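Here PDB author numbering is used: the first residue of the sequence shown is 1, the next is one more, and so on. To start, the structure itself, in structure tokens.
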Amino acid sequence: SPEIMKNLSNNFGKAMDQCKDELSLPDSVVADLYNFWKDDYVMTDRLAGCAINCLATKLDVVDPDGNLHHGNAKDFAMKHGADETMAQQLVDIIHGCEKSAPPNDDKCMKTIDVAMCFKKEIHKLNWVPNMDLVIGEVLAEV
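Here it is, written out as structure tokens:
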């Protein structure tokens, strides 16, 4: 859905060069990252996955002393972009797929194993009919 497809970092766009430096994104990644064509490929590079939550996270979102900013990052997402129900659909995959993920050490790539594990899950659900959010805004003048 376009809801969560509206990326916070894309909306912000406050500092491109400083997000570029912060992750030390190689030219190959940040370039492919800017691919505006909706190819819909598999997220293979950690620097891409990380850059998705780079703008609004490097702005301000640290729960603890600097590192391990888990709470505020999820709290920030629930207050801006995804409602609590969507974040709660993600957290479940995050915890289970990351826990069941192979011990291949790449801090940002693990987050990809869970991310793709989520669209895998939603794809297994596949057939889900919507109730249609029909809202009749009755504006009665005079």
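Built from N, CA and C at the ideal position, the CB exists for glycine as well.
Relative to the Cα of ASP113, the nearest Cα in the group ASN126, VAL134, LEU90 belongs to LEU90. By the neighbour-count definition (other C-beta atoms within 10 Å, threshold 16), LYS119 is an exposed residue. Sequence-distant partners of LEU25 (beyond 5 residues in either direction) whose C-beta falls short of 7 Å from its own C-beta, in its chain, are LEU47, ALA51. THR85 is not a Cβ neighbour of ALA73, given a cutoff of 8 Å.
Look at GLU137 here: in three-state DSSP terms it is coil, with no helix or strand label. Annotation for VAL29: the continuous alpha helix (DSSP H) segment containing it runs 27-33. Distances from the CA of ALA87 to each of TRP37, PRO103, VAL61, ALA115 were compared; the closest alpha carbon is that of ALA115.
With fewer than 16 other Cβ atoms inside 10 Å of its own Cβ, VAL128 counts as exposed. Around the CB of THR111, 16 or more other CB atoms lie within 10 Å, so the residue is classed as buried.
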